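Quick heads-up: it's one chain on its own, the form deposited in one PDB entry, in structure tokens.
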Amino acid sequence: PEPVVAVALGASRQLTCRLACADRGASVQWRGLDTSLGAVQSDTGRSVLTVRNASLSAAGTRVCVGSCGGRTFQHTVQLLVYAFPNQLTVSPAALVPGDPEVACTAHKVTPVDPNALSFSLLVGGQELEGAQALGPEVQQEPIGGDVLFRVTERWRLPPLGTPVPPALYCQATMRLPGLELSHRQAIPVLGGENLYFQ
């Protein structure tokens, strides 16, 4: 069971590795990456990896190696750099009762794994029954360093019915270790005296 440490993009986090060695020539070390310089502060029984302004490059598998009297040990930890900005867009921007579909798109997001990034279409708090997700469509968008993603989910709308809901809400949920983040974007539903006279 490989541990998983989540850190938001641009955030900071300290990973610490200790070694119980009562001998001489005891060393413990985080395997430094060619993308850092001075990120590791080691001693003889403890080593602290430091991540400031976390980028996607610092993301990956980090290994902590220890030696105790000519005896080497290693323990792995998965470092996860996630980005979950408040950038949701909806197509169409507004809904009309009778419409067959609605699309939500989360921008500049990662990870995109379904087990992490889930979409739900809410009405007045909870999920709108009668909906039907039509499978996510993950797309890599171009933001130079580094590769982020644009996931889009589409629903098959049910008959909204009467009374007409004030609006539907697209919710993007991201599940992380011991943490759930969510974002919502409003999809107003136009109804009734829409265009009227005098």
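Definition used throughout: the rigid core is the maximal C-alpha set that superposes within 1.5 Å between two forms. All residue numbers refer to positions in the sequence shown, first residue = 1.
Keep in mind the form deposited in another entry is missing from the figure; the text below concerns it.
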Look at residue 41 and decide if its Cα position differs by 2 Å or more between the shown form and the other one after superposing on the rigid core. yes
Requested in this report: Using a rigid core alignment, state whether the CA of residue 158 is displaced by 2 Å or more between the shown form and the other one.
Outcome: no
### Query
Superposing on the rigid core, is the CA of residue 16 displaced by 2 Å or more between the shown form and the other one?
yes
